Each structure stands twice: as C-alpha cells, then as structure tokens.
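Written out below as structure tokens is the structure these notes cover.
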Amino acid sequence: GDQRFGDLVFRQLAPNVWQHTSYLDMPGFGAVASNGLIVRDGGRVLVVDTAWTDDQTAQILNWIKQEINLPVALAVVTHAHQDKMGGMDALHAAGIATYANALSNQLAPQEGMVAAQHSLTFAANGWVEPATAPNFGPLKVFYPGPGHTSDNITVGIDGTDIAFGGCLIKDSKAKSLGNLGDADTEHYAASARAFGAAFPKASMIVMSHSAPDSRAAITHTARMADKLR
Amino acid sequence: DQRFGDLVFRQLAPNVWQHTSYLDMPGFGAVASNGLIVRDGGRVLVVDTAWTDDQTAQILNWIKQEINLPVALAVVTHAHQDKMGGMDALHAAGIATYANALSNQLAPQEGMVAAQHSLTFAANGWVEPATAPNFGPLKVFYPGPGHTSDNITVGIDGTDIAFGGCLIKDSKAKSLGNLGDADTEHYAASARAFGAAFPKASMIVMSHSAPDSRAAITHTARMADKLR
Ligand SMILES: O=C(CS)Nc1cccc(Cl)c1
Ligand SMILES: O=C(CS)Nc1cccc(Cl)c1
Ligand SMILES: [Cl-]
Ligand SMILES: [Zn+2]
Ligand SMILES: [Zn+2]
Ligand SMILES: [Zn+2]
Ligand SMILES: [Zn+2]
C-alpha cells in the first residue's frame, strides 16, 4: 500500500517503479497532491519530477536512500510549474544531474523555478533527440505537443506497463483540466491523444494530480479537451 | 512598392525586402501577411511563405526577375497558413526549408506541410547552430510562447531589422487576436524577450502590420500584460 515517510507518500507500482506524492496547502483547499516517479535501473535510480518544495524533494532522496539504497543518477522534470520543478535545489545540492525540455528551462526563471542543468530537444515526431537524452535507461521521453502548457513532456517506463502523463492527463473521474492562460486549448486534445499513441502498450497511466488509472484517463482527458476547441 | 501578380514587395534595406500577400476573409476583407527576402552575397534567403502555394511561387518568380540569385533556404516562423501555406511551392523550387521542430510537429494537425528540417533552441532561446547550417545573416530566436507555442523570430545581421512575425503587432494595434493556441500567461514576457534579443534593431517587421519602430514591441507587450 501507501508508505508514509515524513509528509510524503510512496507507492510501489511495479518491481522497479514507485510513485512519489507530495502535498501543498493552497488558499481554501489543503493538501493538494502531486505525483512523480522513482525508477530502479540496475545499479542506479532515476527520478521523474521533484516535489513541490526543496525540503520535500530532499525527503524523496532520503526515502530512496532508506528503501532502495542506490545512487540517484539523474532526474527528468516535466514542465516549469512548482509541483514539477519546485525542488530542483535539493537535486542540485546532492549533485544529481537534471534534465528538462529546453523550453521548460527557458520558462523557469519567469516562473520562479530553478532551471534544470541540461536541456532536452525533440524531433518533429515528438520523440526526444537521443543526443540530448543519453543514458536515460528505461525513461522514454516524449513531447506530445502543447496542452496543459507549451512545454509539457511525458515519460514511458520501458519494460513496464507504465506511462507518465504528468499534468497533461487527468483520470477518468476528472471534472475539468484546470487549464489556465498557458494552456493551448486548440491542441490539447491532439496532444493527449498523441501521448496515448506514443505509448500504445501502456496500461497504467500515472498522472500528477490523480491516482494511477487505465488508458481511459487518456481518452477521457482528450474528450474533455475536445470541448475546449 | 513593386507588384508581381498578387504579391507586393517593398525594399527595406540594401539587401532586404518585405513580401506581402493577401487572403480574402469574411469581414476583414483582404488580410495582409508579410515576410522577408534577404540577399546574402550570391544567394537569397526567405522568411515565411505566402498564404498559398501559387502566391509563394509568385515570390520566387519575382526574386528571379528582380534579384536573379538562387534561393538557398527558407525559414518559416510558425504553423499557421500565412507562414507555411506555401511550403509545397518552396519544395518544388528546390529550396531547403527550416522550421521550429514544434512547428513541424503541429503542421499536419493544421493541414500544413512540414519543413524539411527542424530547428531546436537552447534554454536561452537562441537556435542551436547545428540545426541552422549556413544561415548567413539570419539570427533565429525563439522568444517563448505567445501568439503560439512555436512562434520564432529572426534578426538580420548587418541591418537594423528584426522580424517578429505574428508575435508582434504595431504600435497602433488595438488587440492581439489571440486564439486558444496563444499562451496569454507568457505572451508579454516573450514579446519583451524578442526585444532584448535584438536590442539594437530600430525597424521591427511583423506579419500583419507595416514596419514600425520598437514601439511595436513595447505596445505589444503592454497589450499582452493585460491578458495575464
Ligand atoms: O499548481 C499546479 C501546477 S500544474 N497545479 C494544481 C494546483 C492546484 C490544484 C491542482 Cl489539482 C493542480
Ligand atoms: O490567419 C492568421 C494566422 S496568424 N492571422 C490573421 C487572420 C485574420 C486577420 C489577421 Cl490581422 C491575421
Ligand atoms: Cl518493474
Ligand atoms: Zn502544470
Ligand atoms: Zn501539476
Ligand atoms: Zn499565426
Ligand atoms: Zn499571422
């Protein structure tokens, strides 16, 4: 089940994959959750997304030390919002190499985020350029197009049932997408469907703001987005 | 100004011309879109197609008559019809084409033909040189999301000119025309980033207004401020 560790929650999703969850109180609504991933790749660990804060992200590293006890080789962060990049300092303090879409790194200062140390770029078909994502092990990074934000990226976990949609995808029980002025409401639906088509064998869809769901999360999200066009 | 068919050309500098093409639309009437033609030694470089293949062919035929140098390459500045509607005409003329990778990704969704090559950008917005080989005086800058997620901009080295494409409107414009693909959170910062990337440019060229001073940048950013 869910393992509590400090103020975070960790859930094993597969033999080599865990979901990290961190919480932030907002005005009028407490304990807004955000999820990321932790992946064991042989003798190293890879992280997808920080927690909301530096202190919480340090607790992710502490949990990894206690439960996995392998070095964290790198982290990928999936766009320039606080839930995904708010804890970059904890990673850099620990010497962990960080990667984000070049556009996320360009947006980070405007958003009050610390940029990742390396930039990912993408082919016209959305797949990460290998020269920018060397030695990513099972992390298969895909840029699906603009949607939740212009910079949002997604990550398949090779060999598992799992694909991570980040904040682009919401579960099949969602009532809305959030989506604000930095959403692209013209392309959101196609971007959500492109994520599904990029990871056609994924049966467990992991998301930032919902618990894991089946592929219906992708379809339901796309159908909500269709109505915004 | 000179005419070739349905196209209008205006020389802006010794080696730079603006091309203007028109598409009839309900209510608006004829809608102008501007791009650039740059003479770089023994070759010509193009920024943006016209709205259609046939209008883009008219650009190329005017170049052959007026300049009579081969067109080496074209850069197109986002995946909307005014900027990429004529890709097939460029390709049929043997012209190598370049666009933001994201523009090429969006082009099929938009009913556009993708460029042959994709540009990618550093975290500071400047094009990665390995993706923009032999661009001569064209200095390509991604200012951030604004008019669209993929909009790019181009400065012309050796001149006072910077091209804002559809991101920038002139200092008399009343609104930005933003649709669902605009990023209204970042638009203002992206407009200002374009200005800061080309801080010495005194002639700002843009898609839907005649050339203006840097007041186009300031006014665009201030209009965008109000959408946040
Ligand atoms: O702050 C962000 C960045 S995606 N998201 C957010 C905020 C409040 C509630 C929820 Cl469900 C998501
Ligand atoms: O169609 C496009 C793509 S940016 N722009 C357009 C359309 C109508 C009027 C104006 Cl002034 C610009
Ligand atoms: Cl596993
Ligand atoms: Zn977000
Ligand atoms: Zn989020
Ligand atoms: Zn446009
Ligand atoms: Zn336009």
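Because only heavy atoms are used, hydrogens play no part in the values below, and waters and symmetry mates are left out as well, while side chains stay in. Both counts, for ligands and for their atoms, begin at 1 and track the order of listing. Protein chains get the first letters and strands the later ones, always in sequence-line order, with residue 1 at the start of each.
Taking the centre of each ring, B:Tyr98 and B:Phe135 come in below the 6.0 Å mark. Ring to ring, A:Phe199 and A:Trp127 are close: their centroids are under 6.0 angstrom apart.
A salt bridge does not link A:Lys140 to A:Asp158: none of the charged side-chain nitrogens sits closer than 4.0 Å to a carboxylate oxygen. Classification of B:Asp225 and B:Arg222 as a salt-bridged pair fails, no side-chain N sitting under 4.0 Å from a carboxylate O.
Not one N, O or S atom of B:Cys166 sits under 2.8 Å from the Zn ion (ligand 6).
When heavy-atom distances to ligand 2 are checked against a 4.0 Å cut-off, B:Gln81 has no atom that comes that close, whether in backbone or side chain. Within the 4.0 Å heavy-atom criterion, the part of B:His147 lying near ligand 2 is the side chain and not the backbone.
Shortest contact from atom 5 (N) of ligand 2 to any protein heavy atom: B:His208 NE2, 3.6 Å. Protein heavy atom nearest atom 10 (C) of ligand 2, with residue, atom name and distance: B:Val31 CG1, 3.6 Å. Remark: minimum distance from atom 3 (C) of ligand 2 to any protein heavy atom is reached at B:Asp82 OD1, 3.2 Å. Protein heavy atom at the shortest distance from atom 8 (C) of ligand 2 is B:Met25 SD, 3.6 Å.
Counting the atoms of ligand 2 from 1 in the order shown, those under 4.0 Å from a heavy atom of B:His80 are 3 (C), 4 (S). Each of the atoms 1 (O) of ligand 2 lies under 4.0 Å from some heavy atom of B:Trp51.
The angle subtended at the Zn ion (ligand 6) by ND1 of B:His80 and NE2 of B:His78 is 100°, given to the nearest 10°.
Ring geometry for A:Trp63 versus A:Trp18: interplanar angle over 60°, hence perpendicular rather than tilted (30 to 60°).
B:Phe194 has its side chain within reach of B:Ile217: a pair of non-hydrogen atoms, C-beta onward, lies under 4.5 Å apart.
Among all heavy-atom pairs drawn from A:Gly42 and A:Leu70, the shortest one is O-CD1, 3.5 Å.
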